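Letters A, B, ... mirror the listed sequences (proteins, then strands); counts begin at 1.
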There are 2 protein chains.
Amino acid sequence: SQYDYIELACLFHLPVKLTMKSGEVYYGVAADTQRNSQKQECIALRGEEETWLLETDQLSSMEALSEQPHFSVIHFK
Amino acid sequence: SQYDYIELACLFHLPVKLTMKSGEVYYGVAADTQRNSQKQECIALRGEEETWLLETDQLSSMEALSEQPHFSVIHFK
Ligand SMILES: [Mg+2]
Ligand SMILES: [Mg+2]
Ligand SMILES: [Mg+2]
Ligand SMILES: [Mg+2]
């Protein structure tokens with residue numbers, strides 16, 4: 001069917017590179033999905049120095065930073 | 001879910017103090033995960049003058065040498 005690769009990255013705490021529709025890039029460990037204070041759906045990404053709540057509606061791509069069988073680069077919407 | 005702190009240390013190239021089950025201590029920068037020539041899973045630790053392939057099965061503890069929001073210490077076994 002249809003795999004939720006965001007959910008799967010969080011389930012396995014995968015290291016990922018996230019690119020936003022703005023073009024900004026973030027690197028870190030996929031921690032969890034949650035809503036931010038604005039009630040927008042987010043992925044919690046634990047980066048080197050801080051954790052970001054990044055809106056899933058604003059994701060352009062998610063890239064694996066490790067070898068695993070699930071994905072290399074996922075391009076969204 | 002459970003985090004791979006060896007993977008995360010290498011992802012962010014964290015400075016770490018590694019204590020082996022022998023009691024030997026190594027300091028350096030976490031570089032990469034790879035198998036050694038004996039096919040054992042290792043962390044490549046870049047020391048001051050050389051890089052060591054240290055078996056992950058032989059790790060006792062990994063201590064942070066920098067303040068960061070991932071760990072101060074990880075104990076194995
Ligand atoms: Mg939205
Ligand atoms: Mg750094
Ligand atoms: Mg010296
Ligand atoms: Mg072994």
Side-chain angles (χ1 to χ4, degrees), chain A residues 1-20 23-37 40-56 59-76, chain B residues 1-20 26-48 51-77:
Chain A
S1 296
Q2 281 297 328
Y3 287 100
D4 187 331
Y5 285 110
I6 299 299
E7 171 177 61
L8 178 146
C10 294
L11 180 67
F12 299 132
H13 294 312
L14 294 185
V16 294
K17 170 190 166 193
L18 306 183
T19 307
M20 313 305 292
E24 189 167 350
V25 173
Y26 300 81
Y27 296 81
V29 178
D32 201 357
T33 50
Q34 63 184 266
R35 296 202 181 257
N36 60 19
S37 65
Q40 299 159 333
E41 297 193 64
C42 292
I43 173 177
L45 183 72
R46 299 204 199 280
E48 183 174 13
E49 297 167 299
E50 61 187 308
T51 298
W52 304 283
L53 297 186
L54 299 166
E55 293 168 76
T56 64
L59 290 167
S60 180
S61 62
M62 170 172 69
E63 173 175 347
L65 299 178
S66 60
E67 184 215 295
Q68 31 87 354
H70 307 290
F71 57 89
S72 290
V73 183
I74 295 295
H75 294 278
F76 302 102
Chain B
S1 307
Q2 303 103 22
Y3 291 84
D4 193 341
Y5 284 104
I6 299 177
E7 180 184 70
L8 176 151
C10 295
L11 174 61
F12 297 132
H13 298 305
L14 293 180
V16 293
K17 171 192 177 167
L18 302 185
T19 304
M20 313 304 287
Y26 299 83
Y27 300 78
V29 176
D32 199 13
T33 52
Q34 63 195 68
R35 291 179 188 183
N36 63 19
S37 61
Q38 294 166 277
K39 306 298 190 302
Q40 298 161 331
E41 289 292 342
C42 295
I43 177 171
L45 182 72
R46 295 213 200 287
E48 174 177 32
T51 300
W52 306 279
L53 289 188
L54 300 168
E55 292 171 70
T56 61
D57 286 352
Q58 288 302 316
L59 290 172
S60 181
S61 59
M62 169 171 73
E63 292 171 86
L65 301 180
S66 62
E67 227 137 86
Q68 30 85 356
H70 307 286
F71 63 89
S72 282
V73 60
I74 299 298
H75 296 271
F76 307 91
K77 279 73 224 150

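Chain B forms the most heavy-atom pairs under 4.5 Å with one residue out of A:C10, A:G47, A:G28, and that residue is A:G47.
For a residue to count as touching a neighbouring chain, one of its non-hydrogen atoms must lie under 4.5 Å from one of that chain's; by this rule A:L11 touches chain B with backbone and side chain alike.
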For chain A and chain B, give me every donor-acceptor pair shorter than 3.5 Å, distances to one decimal.
unit_1 : atom_1 : unit_2 : atom_2 : d
A:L11  : O      : B:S1   : OG     : 2.9
A:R46  : NE     : B:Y3   : OH     : 3.2
A:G47  : O      : B:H70  : NE2    : 2.9
A:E48  : O      : B:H70  : NE2    : 3.1

